[PDB]
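Next come structure tokens for two forms of one protein chain, structure 1 first, structure 2 second.
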Structure 1
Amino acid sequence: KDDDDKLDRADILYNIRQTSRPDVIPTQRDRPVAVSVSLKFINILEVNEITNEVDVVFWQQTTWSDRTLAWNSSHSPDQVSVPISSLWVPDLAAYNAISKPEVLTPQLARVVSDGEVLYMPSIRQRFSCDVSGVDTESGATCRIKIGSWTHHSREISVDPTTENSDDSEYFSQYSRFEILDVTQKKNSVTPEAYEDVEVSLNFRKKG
């Protein structure tokens, strides 16, 4: 489009930085922020069948909308890159995580003109999950829950992205492991409930 007008872009960043409240949930019309999450698996590095611990690399594709960040893009760029400190991101956490997320990519989000925000960092992290079955035909099934840490369902709703296929599409052919199946469903932990996305990852050692 006009995507390459430096001044247009600098002005958009300015508008965003002035409207954006990095610490307040972008609720609209008094309804929960609808965040969407999807893990896209990239690698499985170490698996310990005795301790039941896995070390994985995945794209943590996250999206939501903040309509106040929107702008007329008839003759201005349709989207820009924004550093995540200038923005609100949802406070996601892996319930069965046993190491800090190690973010391997630049910490930038895209804000689209309609007001949609997308953050997709590439993350390496260790989890605690059922590893039993990893050396058989039918493999192991390790389950990861990603939800809001401090915000309950009425404040934030965490759903899976429309597309869960291609989940294993960018998975490294040089892993000692192979993905048999991935499912990504809604779930709610528990007076207040926290929504999360349960990722079931069915994988096996390459025989």
Structure 2
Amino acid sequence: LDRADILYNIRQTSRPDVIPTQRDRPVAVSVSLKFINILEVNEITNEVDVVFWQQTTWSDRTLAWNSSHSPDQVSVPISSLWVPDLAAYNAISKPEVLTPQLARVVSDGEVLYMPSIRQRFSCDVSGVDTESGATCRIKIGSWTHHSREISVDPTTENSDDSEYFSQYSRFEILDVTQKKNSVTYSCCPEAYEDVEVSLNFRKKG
């Protein structure tokens, strides 16, 4: 198979508006934020303006192809694929995507989408000028699917907190933590899952 053939098969097989649940098990989405920059902090409005890479992955086995004598991956426009309907529950601006809107599809059906995103959040910004610093919490989950349809887990990773953080930023990263929540109601046997990302940062100086 060549790259054109792979892209053709992916288009025929991917239904961008249909979650690729396989035998009604949930699609396992993994997500992790890598912070690149913290741009503006606002004492008055309690807003922080942040740039981050959103490492997002999931599997759609129906996309798979045999990769002996064929490329093992391709890059595919996201409009040709189902992507999870992730949202930051407490974002106060729309996410500005800075990068080409392409995902990487592996021959086994794994999908890797890592947009660079610029977005404002609500933050307690008083302690930004203190030793302990301020903390921004970003809560990310599926906007419309519960836990029987999408599961959301923090990727477990090594790389330093500030590994890709601009050294020319006015702020420094003290700590990033990424933990999972399940909100569950007496209504339903299913839960709503999110990843809570905590960004502990302060001004240098």
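Just so we're on the same page, residue numbers count up from 1 along structure 1's sequence. Here the rigid core means the biggest group of C-alpha atoms that line up within 1.5 Å when the two forms are laid on top of each other.
Colleague: Fit the core first: which of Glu49, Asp181, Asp159, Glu178 then shifts its CA by 2 Å or more between structure 1 and structure 2?
Modeller: None of the others reach 2 Å, which leaves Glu49.
Colleague: Determine, in Å, the CA shift of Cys142 between structure 1 and structure 2 after the rigid core is used for superposition.
Modeller: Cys142 C-alpha displacement between structure 1 and structure 2, core-aligned: 1.2 Å.
Colleague: Rigid core superposed: how many angstrom does the CA of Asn72 shift between structure 1 and structure 2?
Modeller: For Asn72, the C-alpha ends up 0.5 Å from its position in the other form.
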